[PDB]
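Notes follow the structure.
Computed from the coordinates by the stated procedures, all read-outs in this text should not be read as laboratory data. A quick note on method: Cβ atoms are made from the backbone with ideal geometry, for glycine too, and the neighbour counts reach across all protein chains shown.
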Amino acid sequence: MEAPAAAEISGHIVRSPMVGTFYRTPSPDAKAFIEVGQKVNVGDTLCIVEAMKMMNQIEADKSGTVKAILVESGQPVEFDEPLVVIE
């Protein structure tokens, strides 16, 4: 009879599968892919990442709720590098 109780999910952590950059919005005066305090389901965008001289969107790989954004909009990322933390 706790947070988990059953099913169990355990927060996740988006690890830039490709070195480059990371973004949270398609623009400066644009909406945010993930609004802190929202839920995401497998198939919902979590953020973006710059690589291969082109934008690379990141779709949630496991439905969950925001947790904390380590990387910032535009901040560079590396391999096995943590980006966003989901719950």
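If we scan the range 39-48, do we find a residue that is free of Cβ contacts under 8 Å to residues at least 24 places away in the same chain, exposed (fewer than 13 other Cβ atoms within 10 Å of the Cβ) and on the phi < 0 side of the Ramachandran plot?
The answer is yes; a qualifying residue exists.
Within the range 1-17, being surrounded by 14 or more Cβ atoms within 10 Å (Cβ to Cβ) and in a loop (DSSP other than H, G, I, E, B) holds for one residue alone: 17. Of all residues assigned to the range 20-35, none qualifies as being exposed (fewer than 14 other Cβ atoms within 10 Å of the Cβ), of a type in the set (A, V, I, L, M), closer than 12 Å to residue 84 by Cβ and under 10 Å from the mean Cα position of the chain (by Cα). The single condition among (1) touching a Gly at 6+ places or on another chain (Cβ under 8 Å); (2) surrounded by 15 or more Cβ atoms within 10 Å (Cβ to Cβ) that residue 87 does not meet is (2). Every condition in (1) in a loop (DSSP other than H, G, I, E, B); (2) over 15 Å from residue 12 (Cβ atoms); (3) under 10 Å from the mean Cα position of the chain (by Cα) is met by residue 72 except one, and the failing one is (3). Scanning the range 53-66 for residues that are touching a strand residue (DSSP E or B) at 6+ places or on another chain (Cβ under 8 Å) and either of a type outside the set (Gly, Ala, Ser) or assigned to a strand (DSSP E or B) (or both) turns up 55, 56, 57, 58, 59, 61, 62, 64, 65, 66.
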